[PDB]
RNA sequence: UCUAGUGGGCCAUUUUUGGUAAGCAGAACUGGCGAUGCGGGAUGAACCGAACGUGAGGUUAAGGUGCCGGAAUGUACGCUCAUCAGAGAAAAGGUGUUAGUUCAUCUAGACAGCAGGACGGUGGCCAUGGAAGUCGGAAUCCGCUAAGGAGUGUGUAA
RNA sequence: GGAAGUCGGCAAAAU
RNA sequence: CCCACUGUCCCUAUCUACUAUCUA
RNA sequence: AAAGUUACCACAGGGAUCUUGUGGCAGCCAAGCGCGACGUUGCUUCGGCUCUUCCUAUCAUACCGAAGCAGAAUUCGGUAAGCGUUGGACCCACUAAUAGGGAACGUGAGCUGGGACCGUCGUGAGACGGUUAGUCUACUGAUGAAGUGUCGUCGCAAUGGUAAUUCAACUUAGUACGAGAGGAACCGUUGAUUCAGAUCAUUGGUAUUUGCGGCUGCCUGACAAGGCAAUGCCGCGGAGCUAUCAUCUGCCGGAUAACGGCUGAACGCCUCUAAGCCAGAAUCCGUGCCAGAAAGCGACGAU
């Protein structure tokens with residue numbers, strides 16, 4: 011058999027990979043976030059210069075397989091205050107935003123269509139009527155609670171996914187005093203937080219998610275897993291047309307490979323490219339978290355400058371990055 | 147099985172006497188002289204345990220055995247247990 | 083070879099936290115924070 | 003026990019201890 | 001007079017016979033079980049009490065009284081700290097503790113500590129690159145003192 | 001790769 | 001013994017039917 | 001004339017039926033209580049594959065102590081079972097190393113290999129028969145009714161499990177050290193083995209995509225047209241699965257043992273120890289990772 015630290019080998023009790031540990035809080039650092047939620051689209055292979063001192067491929071180039079995760083900006087819909095107790099952390103109270111998008115309202119219902127859409131109705135009414143209760147609760151969190159987690163949901167509509175329920179979750183707000191975290195959450199109420207503001211493509215992060223099920227084996271598969279030290283290679287912007295165009299390559303193109311991502315679609319929003327494989331198949335939600343413990347060796351610290359990113363047809367033996375140059379080489383078709 | 151389980155010195168031979176168990180030289184310590192001399196085992200005089208053992212020449216505790224004393239034949243009593251000590255340590259009858 | 087729980091290795095990890103780490107990561111968080 | 007070995011002894015073990023004490 | 005059932009064993013004590021690596025083996029001895037439940041020994045064929053109709057009350061045996069558990073977290077005096085406490089392997093080891101027993105010094109100053117001496121024949125006598133007390137082998141004398149060895153060890157090529 | 005498997009070219013493919 | 005051969009093996013992987021399973 | 005004897009005895013019958021590392025013997029002493037310790041003199045059926053764990057009485061890995069231990073390579077001795085301890089035929093080579101054991105019939109309901117009686121004929125001797133006689137539970141995962149009004153979302157974490165291993169290369173170096181011969185190490189750095197968890201961009205494999213093409217044969221009088229053939233045969237073949245035949249990733253704190261010390265009595269000195277306090281092993285306990293009490297719980301939304 012395998013390692014005894016992973017048994018009992020049973021199905022994960024959650025579709026979305028839940029964070030089990032957040033980086034330790036620091037008052038010296040100002041107020042920011044630590045985790046983000048994305049959707050796996052697939053991976054390609056890229057050619058990257060190797061600036062690895064002491065290595066035998068120093069000042070050379072290697073080919074690396076890199077997973078692409080679409081990460082549309084996340085909407086902060088609430089905040090949760092946690093108070094330390096002799097029996098552990100306890101959720102003291104929760105404050106939600108006044109207006110919640112249908113994407114996050116669909117989470118509370120198994121049948122949103124048959125529902126009367128009554129979620130947060132009186133909550134929105136009391137929010138508009140009197141703000142003294144909201145002020146009392148926020149003052150309660152900043153005075154008593156020691157850990158602050160913002161409720162954020164993903165804009166699943168932008169992703170080419172048939173699912174319309176947003177994966178609501180909590181992001182621990184590490185940095186500054188408790189009042190600073192509360193002020194940060196209130197300012198960011200109803201707004202959007204971007205992965206460009208959270209991660210910046212040169213740090214060492216961990217990816218967590220549920221693996222894909224292999225059926226029945228002599269149970270094997272569909273288990274919660276935590277990959278450590280997955281390096282971000284590029285946080286590409288969806289709007290920019292140079293997202294998949296490096297400086298050594300030009301050739302204006304998009305990260306979505308020609309022919310589309312297999313069983314996922316076309317990536318149009320901000321995407322994240324991580325070195326190596328990540329758990330879960332395509333179209334499954336993955337969670338990203340910062341480094342709990344600081345460890346930047348040369349591999350985790352060296353800068354990265356991509357040279358060429360493959361966008362060939364992953365469906366089948368693709369042999370052309372873009373239909374433009376495909377038509378330039380291939381003879382003119384009958385159509 | 148039928149064999150001699152004790153160290154000895156070499166129909167009538169109904170049992171089997173192991174060659175390894177058999178011993179031919181005995182360390183005899185003189186009484187007056189107080190010196191141990193390795194003399195050949197000329198023969199077994201009498202074994203108080205059993206006349207058959209005496210006939211078979213089994214070297215046991217208290218058995219009388221004759222050894223050459225020309226370099227010093240005289241009898242001697244075995245004061246040790248050859249089956250356990252591994253050596254035929256006896257004291258001269260003098 | 084020594085394992086990851088080597089007491090000296092933990093000591094050297096602590097020493098290198100304030101040498102090739104820490105400060106360059108704190109301001110790195112600050113930059114995307116003010117963003 | 004708490005040490006390596008049970009202080010409590012087997013009943014036939016106690017009796018033969020009494021027998022060994024007698025002889 | 002006559003008429004049923006019984007003709008085994010087990011365990012233990014004492015004496016004794018040999019013993020034997022060490023077990024034990026052989027008698028005798030009266031017990032206990034065997035035909036017999038009960039209280040206690042955490043549990044039990046053999047251990048401590050006790051021997052039996054059905055009940056009420058009182059009092060005990062053996063054993064117990066922190067809680068499980070009925071009954072003093074009673075009284076008085078001591079011992080013990082175990083980084084494996086406590087409820088034959090045995091000859092010993094321990095700068096572990098407590099009492100004693102004996103013998104020694106001690107205001108002629110007890111030990112301990114500081115300040116010193118720790119000498120002269122003599123480097124006694126040999127030994128060998130050499131060893132002057134302390135490479136080594138034999139002697140083991142001496143004058144002076146308050147006391148200093150033919151030297152307690154370090155040391156020295158010596 | 002080619003019997004390194006197993007006590008072993010057992011079964012297959014080769015012919 | 002030599003040569004050839006091969007999932008016997010390194011080290012297993014995939015496919016097919018049947019079985020296996022549930023229902024009346 | 002026979003009689004005794006037989007432990008030289010033989011053939012039938014009857015009864016009985018804890019363990020490990022120190023040699024012995026004989027003397028000389030011999031603290032002591034005739035013994036007499038330590039010392040001293042002599043002389044010389046079993047047997048092995050897999051497997052699971054476990055023990056340390058430790059082969060390697062980690063750290064110390066000692067030794068004429070310059071360095072390197074060792075030897076011996078401590079703590080130490082975390083982690084390993086191969087591949088082939090007394091070898092063999094690799095390897096960091098190829099340690100010793102338990103599961104009392106190790107794991108034969110994981111696994112395999114290397115007759116008795118009676119009779120008859122019988123001198124000192126052996127064979128030629130008739131009867132015969134065997135005897136629910138645990139674990140792996142999977143649902144699951146339910147207190148908590150009801151349903152749902154986001155979480156808390158009691159508790160249980162745990163995981164990483166080893167090597168050689170760069171630099172420090174041809175320096176420390178050494179007549180020379182030789183020749184370190186720490187920090188830092190790059191790779192590789194063993195294991196673990198994933199993944200399918202690329203590569204290989206796979207063909208019921210019966211997807212396309214080619215071939216053979218068959219059937220429609222012919223041409224063509226098609227359709228066929230238990231998946232007839234061959235080439236390619238997506239998608240999926242899959243491969244140390246492909247690719248990624250594998251963490252931090254203290255507390256200690258051996259041991260080295262500090263202050264410091266006991267004991268006017270001294271002393272790492274008694275009260276105290278540091279340094280210190282791959283060890284221990286946490287963190288991280290997995291599970292989430294299906295009779296542990298919180299916040300929130302709606303009613």
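Chains as they are written, first to last, in the entry's author numbering: chain B, 11 to 228, 269 to 385; chain r, 147 to 156, 166 to 227, 239 to 260; chain z, 83 to 117; chain s, 3 to 25.
Each residue gets a CB set at the ideal place from its N, CA and C atoms; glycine is no exception.
Could you have a look at residue 383 of chain B and say whether DSSP puts it in helix, strand or coil? coil
Who are residue 311 of chain B's beta bridge partners in DSSP? B/315
Based on the DSSP output, what are the partners of residue 324 of chain B in its beta bridges? Bridge partners of residue 324 of chain B: B/77, B/282.
Could you please give the first and the last residue of the uninterrupted alpha helix (DSSP H) stretch that includes residue 243 of chain r? From DSSP, residue 243 of chain r is part of no alpha helix (DSSP H) but of the beta strand (DSSP E) over 240 to 243.
Which residues, taken in chain order from the region 94 to 109 of chain z, show a beta carbon closer than 7 Å to some beta carbon of chain B? 99, 102, 103, 104, 107, 108
Could you name each continuous beta strand (DSSP E) segment of 3 residues or more that falls completely within the region 99 to 169 of chain B, going from the start of the chain to the end? For the region 99 to 169 of chain B, the continuous beta strand (DSSP E) assignments of 3+ residues that do not extend past its boundaries occur at 157 to 164, in sequence order.
With H, G and I counted as helix, E and B as strand and the rest as coil, what does DSSP make of residue 15 of chain s? Of the three classes helix, strand and coil, the one that applies to residue 15 of chain s here is helix, per DSSP.
Could you tell me the distance, in whole angstroms, from the CA atom of residue 271 of chain B to the CA atom of residue 223 of chain B? 4 Å
Of all the CB atoms in chain z, is at least one closer than 8 Å to the CB of residue 34 of chain B? By this cut-off, residue 34 of chain B is not an interface position.
Run through chain B and tell me which residues come within less than 9 Å of residue 84 of chain z, C-beta to C-beta. Result: empty, since nearest Cβ-Cβ is about 16 Å, beyond 9 Å.
Report the partner residues of residue 216 of chain B according to the DSSP bridge assignment. B/339.
Along chain z, which residues have their Cβ under 8 Å away from the Cβ of residue 213 of chain B? 107, 110
Using 8 Å for Cβ pairs, my map puts residue 277 of chain B next to residue 216 of chain B. What's the rounded Cβ distance? Yes, residue 277 of chain B and residue 216 of chain B are in contact; Cβ-Cβ is about 6 Å, under 8 Å.
Mapping DSSP to helix, strand and coil, what is residue 202 of chain B? strand
Same chain, Cβ closer than 8 Å to residue 246 of chain B, five either side skipped, listed in chain order: Note on chain B: numbering goes from 228 to 269 directly, and residue 246 of chain B within that interval has no coordinates.
Just to make sure I have the definition right: I need the residues of chain z whose C-beta is within less than 8 Å of the C-beta of residue 42 of chain B. Which are they? 111, 114, 115
Sorted by chain position, which residues of the same chain lie with C-beta nearer than 7 Å to residue 284 of chain B's C-beta, five sequence neighbours on each side aside? 211, 323, 356
Leaving out five residues before and five after residue 242 of chain r in sequence, what residues of the same chain have Cβ atoms less than 8 Å from its Cβ? For residue 242 of chain r, where only same-chain residues beyond five positions count, the Cβ hits under 8 Å are 181, 183, 219, 220, 221, 222, 256, 257, 258, 259.
Report yes or no: is there a C-beta of chain z within less than 8 Å of the C-beta of residue 187 of chain B? By this cut-off, residue 187 of chain B is not an interface position.
Tell me, to the nearest whole angstrom, how far the beta carbon of residue 29 of chain B is from that of residue 275 of chain B; I am working on the premise that it is less than 8 Å. With 8 Å as the limit, residue 29 of chain B and residue 275 of chain B do not qualify as a contact, their Cβ atoms being about 13 Å apart.
State the DSSP-derived secondary structure class of residue 293 of chain B, mapped to helix, strand or coil. coil
Is the distance from the Cβ of residue 305 of chain B to the Cβ of residue 87 of chain B below 8 Å? no
My output table needs one value for residue 173 of chain B: the three-state DSSP class, helix, strand or coil. The answer is coil: DSSP assigns residue 173 of chain B none of H, G, I, E or B.
Let me check understanding here. Comparing Cα to Cα, which of B/105, B/124, B/119 lies closest to residue 143 of chain B? B/105
Kindly give me the distance between the Cβ atoms of residue 117 of chain B and residue 47 of chain B, rounded to whole angstroms, as I take these residues to be in contact under 8 Å. Contact flag wrong, Cβ pair sits at about 13 Å.
Would you say residue 39 of chain B faces chain z, with C-beta separation under 8 Å as the test? Yes, its Cβ sits closer than 8 Å to a Cβ of chain z.
Do residue 178 of chain r and residue 197 of chain r have their C-beta atoms closer together than 8 Å? no
In chain z, what lies closer than 8 Å to residue 263 of chain B by C-beta? Since the model of chain B passes from 228 to 269 in one step, residue 263 of chain B is not part of what is shown.
The region 35 to 47 of chain B / the region 102 to 114 of chain z touching (three or more Cβ pairs under 8 Å): yes
What three-state label does DSSP hand residue 59 of chain B in the structure shown? Of the three classes helix, strand and coil, the one that applies to residue 59 of chain B here is strand, per DSSP.
May I have the straight-line CA-CA distance separating residue 167 of chain r from residue 20 of chain s, to the nearest angstrom? Taking the straight line joining both Cα atoms gives about 50 Å.
Bounding residues of the alpha helix (DSSP H) (the contiguous stretch that carries residue 332 of chain B): No alpha helix (DSSP H) contains residue 332 of chain B, which DSSP labels as neither H nor E.
Own chain residues within Cβ distance below 7 Å of residue 214 of chain B, not counting five before or after: 279, 281, 341, 346, 350
Starting from the Cα of residue 362 of chain B, find the closest Cα among B/292, B/16, B/34, B/53 and give me that residue. The residue from B/292, B/16, B/34, B/53 with its alpha-carbon nearest to that of residue 362 of chain B is B/53.
Proximity test, residue 183 of chain r beta-carbon vs the ligand FAD heavy atom, cut-off 7 Å: Summarising the ligand content, the structure contains no ligands, and the ligand FAD is consequently not present.
If you count every other CB in all the chains shown that lies within 10 Å of the CB of residue 180 of chain B, and 16 or more means buried, which is it? It counts as buried.
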